[PDB]
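Undergrad:
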Amino acid sequence: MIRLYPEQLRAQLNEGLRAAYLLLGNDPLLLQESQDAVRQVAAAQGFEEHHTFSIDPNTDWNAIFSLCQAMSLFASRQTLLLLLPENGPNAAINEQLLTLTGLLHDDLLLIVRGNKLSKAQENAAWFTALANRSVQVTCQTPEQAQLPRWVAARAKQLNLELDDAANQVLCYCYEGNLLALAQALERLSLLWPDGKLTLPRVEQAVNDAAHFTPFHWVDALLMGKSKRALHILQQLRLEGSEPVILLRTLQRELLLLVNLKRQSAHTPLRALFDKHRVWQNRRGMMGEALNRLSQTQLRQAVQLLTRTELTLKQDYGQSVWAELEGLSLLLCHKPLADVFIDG
Amino acid sequence: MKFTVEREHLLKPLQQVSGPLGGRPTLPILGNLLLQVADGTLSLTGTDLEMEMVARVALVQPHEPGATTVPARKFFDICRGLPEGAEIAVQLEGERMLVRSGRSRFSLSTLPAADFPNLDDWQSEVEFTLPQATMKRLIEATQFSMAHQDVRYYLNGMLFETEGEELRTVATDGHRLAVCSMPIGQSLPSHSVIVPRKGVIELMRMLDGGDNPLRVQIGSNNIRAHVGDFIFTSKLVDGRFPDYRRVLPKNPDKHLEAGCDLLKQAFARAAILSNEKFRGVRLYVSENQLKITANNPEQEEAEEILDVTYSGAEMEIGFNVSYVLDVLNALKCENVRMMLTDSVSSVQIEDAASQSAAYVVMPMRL
Amino acid sequence: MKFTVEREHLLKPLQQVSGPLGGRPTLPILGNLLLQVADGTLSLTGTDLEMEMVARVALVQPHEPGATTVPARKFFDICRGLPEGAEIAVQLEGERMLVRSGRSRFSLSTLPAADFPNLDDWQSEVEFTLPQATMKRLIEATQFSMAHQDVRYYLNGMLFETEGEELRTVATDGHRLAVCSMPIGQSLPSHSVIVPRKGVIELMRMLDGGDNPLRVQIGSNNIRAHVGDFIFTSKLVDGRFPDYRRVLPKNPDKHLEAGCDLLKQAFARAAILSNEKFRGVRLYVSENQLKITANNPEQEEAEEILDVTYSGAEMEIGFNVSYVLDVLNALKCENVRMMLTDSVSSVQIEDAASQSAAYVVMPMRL
Amino acid sequence: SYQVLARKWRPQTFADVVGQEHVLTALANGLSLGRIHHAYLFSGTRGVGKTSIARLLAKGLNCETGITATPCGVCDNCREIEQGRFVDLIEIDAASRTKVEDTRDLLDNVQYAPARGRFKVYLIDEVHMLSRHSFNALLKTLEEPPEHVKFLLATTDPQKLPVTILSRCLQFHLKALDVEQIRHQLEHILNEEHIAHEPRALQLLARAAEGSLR
Amino acid sequence: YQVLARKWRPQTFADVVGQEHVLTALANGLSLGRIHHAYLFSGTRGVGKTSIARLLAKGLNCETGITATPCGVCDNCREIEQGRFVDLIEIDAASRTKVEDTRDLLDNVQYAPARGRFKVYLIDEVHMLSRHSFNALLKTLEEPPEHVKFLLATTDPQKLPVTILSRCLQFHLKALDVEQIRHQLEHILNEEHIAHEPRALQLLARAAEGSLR
Amino acid sequence: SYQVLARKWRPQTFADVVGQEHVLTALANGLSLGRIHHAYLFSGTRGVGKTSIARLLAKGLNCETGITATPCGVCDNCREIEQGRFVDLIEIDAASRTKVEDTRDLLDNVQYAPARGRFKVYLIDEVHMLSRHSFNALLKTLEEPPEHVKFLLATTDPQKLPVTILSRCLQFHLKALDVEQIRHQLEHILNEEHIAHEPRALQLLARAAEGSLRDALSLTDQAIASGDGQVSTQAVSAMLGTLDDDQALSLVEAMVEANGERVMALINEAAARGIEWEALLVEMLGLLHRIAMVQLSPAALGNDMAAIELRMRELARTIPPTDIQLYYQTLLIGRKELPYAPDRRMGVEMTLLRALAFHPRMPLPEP
DNA sequence: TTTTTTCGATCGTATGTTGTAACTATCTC
DNA sequence: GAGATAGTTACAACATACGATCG
Ligand SMILES: Nc1ncnc2c1ncn2[C@@H]1O[C@H](COP(=O)(O)OP(=O)(O)O)[C@@H](O)[C@H]1O
Ligand SMILES: Nc1ncnc2c1ncn2[C@@H]1O[C@H](COP(=O)(O)OP(=O)(O)O)[C@@H](O)[C@H]1O
Ligand SMILES: Nc1ncnc2c1ncn2[C@@H]1O[C@H](COP(=O)(O)OP(=O)(O)O)[C@@H](O)[C@H]1O
Ligand code: ALF
Ligand code: ALF
Ligand code: ALF
Ligand SMILES: [Mg+2]
Ligand SMILES: [Mg+2]
Ligand SMILES: [Mg+2]
Ligand SMILES: [Zn+2]
Ligand SMILES: [Zn+2]
Ligand SMILES: [Zn+2]
């Protein structure tokens, strides 16, 4: 299994094709670009048909097998594309894929698109069989740290002069949405033939389309950025996520912080992290939080979290978002009147 | 508007024009027939922006010129429900149309006729006349080979070609090809067009087995057919139909003369043995002998041995049961001829006597 | 225990037994069916705690007496899968049952027979026999008026009344009533019972017009029907039924005699423009004159004029066309007699030839 | 067969109902004056006789003699209603028929004339258990139904009903029975049933009843 | 005995208690000829939404013409009063809320009115319509045929999508005052020849909140 | 007569549409340079010009003169498209027809060449209501579109569409029209219609529009109806007061400044319009909580509450936090004790009085 | 090297599968 | 040339999957 990234796939395609291609990831833009590049190279090499299928319980595997076995009159070397479900293949789908790869032919070129497989899903007979003669491209959305580099590279590839302020604005507005950012770059290039982009020019034609996850909100709270946490919370509320997921995601981290603070009186932080198997990349951040919050805090937060949970799950109230915003401000170093805690 | 006709005369044209109309139309007016009385004749028009059917009926009673639209299903039901021999008198007043028959009276809503869409006039290029039997044979010979549903638009339709004094119909779906040709009797310029599936179905229903010749006109992007008092107009799907001659085998070195009935029985037995989907049936042909084995996944195989007239070297190849069965059924003769080159190559099938109809099947990899 | 039988005889009784059984058994015992080999016959019984279906097949080949249970779905699949003419042998080996289905041996689980909830002792309150034609006629003429789903659970069935020497069937749903009666030539005590709609449908499907008579027994809480070698047992609603006599109008004076075919055609023609949701029509009755009017939400009107034999005063009455059409279809007579009193009272319908069956329709007040 | 005292002693006439004097007087006056409404809603605590009052009113409306405040109790209609098999009296257990489909089916049968009675009575028990869509569907017909249909509603939680329904109904509030009335009814029932009793036991039972006769 | 509510439904703009602003706006619109094609009415229960809607529909289709003071005697007015006019399509959205019903309704809106100059659709309990039903009406509300008018009545306008609210003119009815209710009750009782006392009328008006029904 | 003010003044040229400069400039440059994408998707709020811009693009994409950003408006194609009866322009209301069969037929119709136009444009409106199978069919048709077929999509909830369909089309998002542009457009329309008006009335109408030109035109028409053929400050103010439904913020503002008569007037006005008292109380609680959080951090107030941003920000700036906390506590107590009050209105009035001119005595831990 | 949800009851839309009845076509009297 | 039987198509009923609202 040759593992690669979207930024280096072209050379491999220039080197030569293979029996099958795996496009696993989360970002849609990178997956679509890789699929288009692979299809273009295959068409240039002499591939004509472009059969596509979406994996579903109603899908008929007999037709796929017949296509893989039958031969066309005035065409050869057909290509097959599969769209896996978001959850991933199950045991029945695993057996179907095993049969399909058993019927795999050299002329047939197989492409699979979908989310990355978990530890259990990735370990399968069909996956192991394909690994011998497969190339997998990992398409993971870049994080906030790496986004400016990607934006600068894309702008340079398009022959555009992008300022630092413009790059920062584009990163802030379209964080987590590469497709929207690419379309915005295309629109900006179309608007200005000269290709010189300044801060006012980009500002006049940019909106908010950022996409976040609860983990980003929890990390923002831990670091202590009030504005970022509030923006993430507003974006998540507008998206329409379930508050219970946010509460459960925050509960584990809050309980871990409380336990460490209680046990940090007479124990080094490294020993506690090793005991709790805290991930290395987070360790420092965690420590920072453990230093910023006093012991009186992390008890009011727990009380407010419990009150919000009871309000949501008993009274079916609609004021959960306001309480979440209050708790977010509380986690950051702010006074808080303590009337809203209702302690 | 005002006219009066008989039930029997008006019963069949309504059924003919009500065919394409159905379901929920994109616009409400598309769901209504258009009736025009003029020049001592009544014209009924029904269209759906892709096909148009026009019927004409002669009037032998006093009337008045006019034009208006009326719902299709309700009018057809009213006409059908009335007793045999009843005389239908139709008139228009205000925004309503009154239909009277004996002591029965009905009022139906209508819409202005100025808003009814009509296909733009066009100049024909190739005009000719054919017997109904010729077109029936051509369509029936090369209809089942059309693609039921494919992204490639050209595969959905059928290729009608005029060359010299020959009319040819070609139908393919990427795995089968069917070509038929018949002599019209007059010379026409070379010209090929593609007709959609709906047009083919409409043409098939248009023929009634009578002796009336049908007149066909073909233009830049439209095809029109006159059959007695029925006029059918359709649009042509644009594209580039793949050439049929080149995909034919260049020089099959192996020939096989077989009995059509025996092959049909053997393939039926194999299908009963091979009802399980996936894979097909493997045939091994040797000198004056043939063996058939059902290679469905792991079901019991009962080999069928038959005697044929084969002179080439022995060879085995797999094929799809449905494709060969349909090809054999299309050729309704007693004996057939098959031409092939090797295991991996398209095989041609035709009748022992008539070479007008030919079929090409690509073997499935075993 | 051990028995061998041809597939042809075994097939069809098994289908009938598996009929009542559904996909979801909800209990291990109810999923299976009870097979009992006794004397020189085999009885297969299947129940779902509501209705029981038992079939008996005489066996001539050597067999071992016994009684056990077998899964219904597995046995049905085994009997269906085998080719034509196959002979099926079954033998109970200890806890398991071995079936020699052709050349393939299958194993099925066996459960104790004592746990099968099937009736053993039967007491009949009344019992008789009659040809299948009478039962089929009564059920066909009375079922269409039976209710489907309503709050009044006692109206969701059919009322059978043995009165004197005759049998009567009554059905209603609060909007129309159907009553039929027929003699049987046997003296019976006055006894009324209610049969649920599902049991009525199953009994109706059971009949096939065979010359063999049908035996009917009615107990305290159950009804049993024996036809040929099949027995079907069902339970009763037990909710009391209103007497039909009060429903019928008292002293009807206005009488209309008309032709059944003419009325059917007029109603069918008028129903075209009738409101789809309600299907309401208006009848104006005058001296030898019946005017039928239908309207539509979009002001589409239909009118019909009929000549009948009427001598009463002028009347105007609304109706639901569907019920009238159903009554006319079920009547199957040349002449139709309608009895009415006023414009807000129920209307009775029958055939002038005979008064064996009657129907009542409640007018739609607007 | 044997039946408990609760169901066997259900009142069958306006003279067998204890208390609720204002409601009975209003019903009698309305029936006598001919001012008949098409929406009655009986509200109050439990075990006070809302269903019994509704059944008595329905029996009075559909009596053979005529619209009277004192049903005969002997004609065919009265005994048929008592047995519960009367065709034109539709008793709907709203606690088990909350779905909109049932209500829509019910409202599509309101345009048909009554089978044998002069009115088609719909007696909805525990109407507070219906869904919002059921209430909204009812609203239109309940506002102005045909002239041959009457609606009777019985509930113990009038707060659940939306204000829209309450605005188009005649509301009758049933008071809780006093201790003296309950004791009198209990002693009368026991004397009729030939059961020995003592005053103190009846007083204790009446006090413990908490204003509910059931 | 027909109940008082049904008997005393207003039949003219002079018989409506209160609601001066909406009546004035409708009268001015009808007099000047600036007639919209989508009206929405909001307010608490029993304040005269359906009543004024029916009065407006009668005013539009009156034989004498389009006037703010309908005659009330011509055939159209009489039929609308009796609730059987053919051009006044009254729909109970609470009873028919499925999308297919809306599709069927919209499939036959192009046809001209049978007898009246306008074909008025009056939908009641709009908030009960499904989301798909709401979406299906957007194009028709925006650009209906010249001979079609939509009248909508609801109790909680906040349940409707903002898109629909932007397509129709909104009128909000206010709860009636105690004095107005007392005066209306006094007038009705005087017309009915029923003995009454001021204290009873005061108590009834107090206990009626703001809904005259 | 007079048609409808909104329906009559639909823009028919790129110079008439007001605002949305970026979208118009991008489309004009793309048409001029020949860079035309295979699918466009217009998004934004209601009544901003999505359908108008789509129709203008369709008109300019099939003009007889040629592909241009300034269509003549006089040739046959332009006139027919204006009349909405052009042969090639196949406009489909996706909301009315969402089942798979209708979309299947429409997409199968693409196989035919255009009749009398260089392009056959499909204008699908309200695309978010299509079925899943309809989306699958549209994606299958749109993966490899013909050269003579273009797709225009208008939607208000783009998030409903699948990612696959989004990736295949260029998305243009429209912004709010702002107060000044709406006011100028209303001034121009009224000047063209020869109707008297006053600047303050137009300013109030623009403010009430809330970034929706269609709403502004509807309110202008209603005011003209109420004003007897003219727009006046008093008539518009009365109309807005009748339509005003923000009594919670007004009550909070009146209470915070220690005013009694104003609170009574606001309570009476709220009682005039059918309103649930508990809903009003919880709304006031939410407003106070938002003000407190804004005081804690200026970024608390999001973009959702843009209409009342200024007043809430001013209240947060001026009111000390302790007063906000006390008002929140007393209103919470009032909400708690509301159900046992003699009447909902009386309970709300009592709680307002307590928050206005009273101060509870805290338990103050004595031991 | 990842991690991640309350439950019951009710309403609405779209697609797929199975069974029964009615209409049309073909064969034999 | 007409009537009866069998096969094909259309309509109604039932089951499964997905999305949304209120307590
Ligand atoms: N006013 C009353 N007089 C006599 N018995 C009553 C009275 N109210 C209730 N009961 C008794 O209570 C039993 C049930 O009453 P029920 O109809 O359930 O009233 P509710 O509907 O208010 O619960 C009846 O069997 C009856 O004997
Ligand atoms: N403005 C009014 N003038 C006179 N009567 C009114 C008024 N508003 C309501 N009513 C009375 O209320 C009753 C019901 O009104 P209704 O049409 O149901 O209004 P809504 O549709 O708002 O519920 C009628 O019987 C009517 O007399
Ligand atoms: N930019 C604009 N300039 C002028 N009028 C506009 C503008 N945007 C919207 N309108 C008005 O809105 C109406 C068209 O609505 P539209 O915005 O196309 O609907 P949507 O954008 O919700 O699809 C027209 O009557 C038009 O006058
Ligand atoms: F039947 Al009750 F309260 F118990 F009405
Ligand atoms: F009919 Al209403 F509020 F009850 F309009
Ligand atoms: F016209 Al819109 F959303 F109101 F597209
Ligand atoms: Mg009760
Ligand atoms: Mg109303
Ligand atoms: Mg629009
Ligand atoms: Zn009586
Ligand atoms: Zn008039
Ligand atoms: Zn032009």
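Residue numbers (the entry's author numbering), protein chains in the order written: chain A, 1 to 343; chain H, 1 to 366; chain I, 1 to 366; chain D, 2 to 215; chain C, 3 to 215; chain B, 2 to 368.
In this text, a Cβ means the ideal position worked out from N, Cα and C, and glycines have one as well.
Per DSSP, what are the beta-bridge partners of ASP126(D) in this structure?
TA: Per DSSP, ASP94(D) and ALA155(D).
Undergrad: When we look at the beta-carbon of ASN118(I) and count the other beta-carbons within 10 Å, is it buried (16 or more) or exposed?
TA: Exposed is the call here.
Undergrad: With distances taken Cα to Cα, identify the nearest neighbour of residue 368(H) among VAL285(H), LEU256(H) and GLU298(H).
TA: Chain H is shown only over 1 to 366; residue 368(H) falls outside these bounds and no answer can be derived.
Undergrad: If the cut is a Cβ gap below 7 Å, which residues of chain H does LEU263(I) touch?
TA: Under the 7 Å cutoff, chain H gives no residues; its nearest Cβ is about 14 Å from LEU263(I).
Undergrad: With which residues is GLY25(A) paired in a DSSP beta bridge?
TA: Answer is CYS139(A), bridged to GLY25(A).
Undergrad: Go to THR71(B), then tell me how far its alpha helix (DSSP H) extends in each direction, as first and last residue.
TA: Segment: none, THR71(B) is in no alpha helix (DSSP H) and carries neither H nor E.
Undergrad: Assign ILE305(H) to buried or exposed, taking buried as 16 or more other Cβ atoms, counted over all protein chains shown, within 10 Å of its Cβ.
TA: Label assigned to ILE305(H): exposed.
Undergrad: For chain D, find out if any of its Cβ atoms is closer than 8 Å to the Cβ of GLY46(I); answer yes or no.
TA: Taking Cβ atoms only, chain D never reaches closer than 8 Å to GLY46(I), which makes this a no.
Undergrad: So is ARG365(H) in contact with chain A if we call contact Cβ pairs under 8 Å?
TA: Closer than 8 Å to some Cβ of chain A, the Cβ of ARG365(H) qualifies, so yes.
Undergrad: Is it the case that the segment 200 to 213 of chain H contacts the segment 116 to 135 of chain H, given that we only count it when at least three CB pairs across the two stretches are under 8 Å?
TA: Output reads yes: the segment 200 to 213 of chain H touches the segment 116 to 135 of chain H.
Undergrad: Going residue by residue through the segment 21 to 109 of chain A, where are the continuous alpha helix (DSSP H) segments of at least 4 residues, counting only ones entirely within it?
TA: Counting whole runs of 4 or more residues, the segment 21 to 109 of chain A contains the alpha helix (DSSP H) stretches 28 to 45, 61 to 69 and 91 to 102.
Undergrad: Is it buried or exposed, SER213(C), if we count other Cβ atoms within 10 angstroms and call 16 or more buried?
TA: It counts as buried.
Undergrad: With DSSP as the reference, label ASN335(H) as helix, strand or coil.
TA: Correct three-state label for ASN335(H): strand.
Undergrad: Interface residues of chain B around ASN221(H) at Cβ under 9 Å?
TA: What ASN221(H) touches in chain B: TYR113, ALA114 and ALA116.
Undergrad: Of the residues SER124(H), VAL170(H), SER220(H) and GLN16(H), which one's Cα is nearest the Cα of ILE139(H)?
TA: Cα-wise, what sits closest to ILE139(H) is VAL170(H).
Undergrad: With a floor of 4 residues, list each alpha helix (DSSP H) that falls wholly inside the segment 82 to 148 of chain I, ordered by position along the chain.
TA: Entirely contained in the segment 82 to 148 of chain I, the alpha helix (DSSP H) runs reaching 4 residues are, in chain order, 132 to 143.
Undergrad: Using a cut-off of 9 Å between C-beta atoms, extract the partners of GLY239(H) located in chain A.
TA: Under the 9 Å cutoff, chain A gives no residues; its nearest Cβ is about 15 Å from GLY239(H).
Undergrad: Comparing alpha-carbon positions, which option in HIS23(B), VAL88(B), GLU148(B) and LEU289(B) lies nearest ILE37(B)?
TA: Of the candidates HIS23(B), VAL88(B), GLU148(B) and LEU289(B), the one whose C-alpha sits nearest the C-alpha of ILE37(B) is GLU148(B).
Undergrad: Quick one: give me the first and last residue of the beta strand (DSSP E) that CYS180(I) is part of.
TA: Looking at the DSSP string, the run of the beta strand (DSSP E) that includes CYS180(I) is 176 to 183.
Undergrad: Counting beta carbon pairs with one atom in the segment 107 to 118 of chain H and one in the segment 31 to 49 of chain H, are three or more of them shorter than 8 Å?
TA: Yes, since at least three Cβ pairs between the segment 31 to 49 of chain H and the segment 107 to 118 of chain H fall closer than 8 Å, the two stretches touch.
Undergrad: For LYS264(I), which residues of its own chain have a beta-carbon under 6 Å away from its beta-carbon, when the five flanking residues on both sides are left out?
TA: Result list for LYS264(I): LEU328, in chain order.
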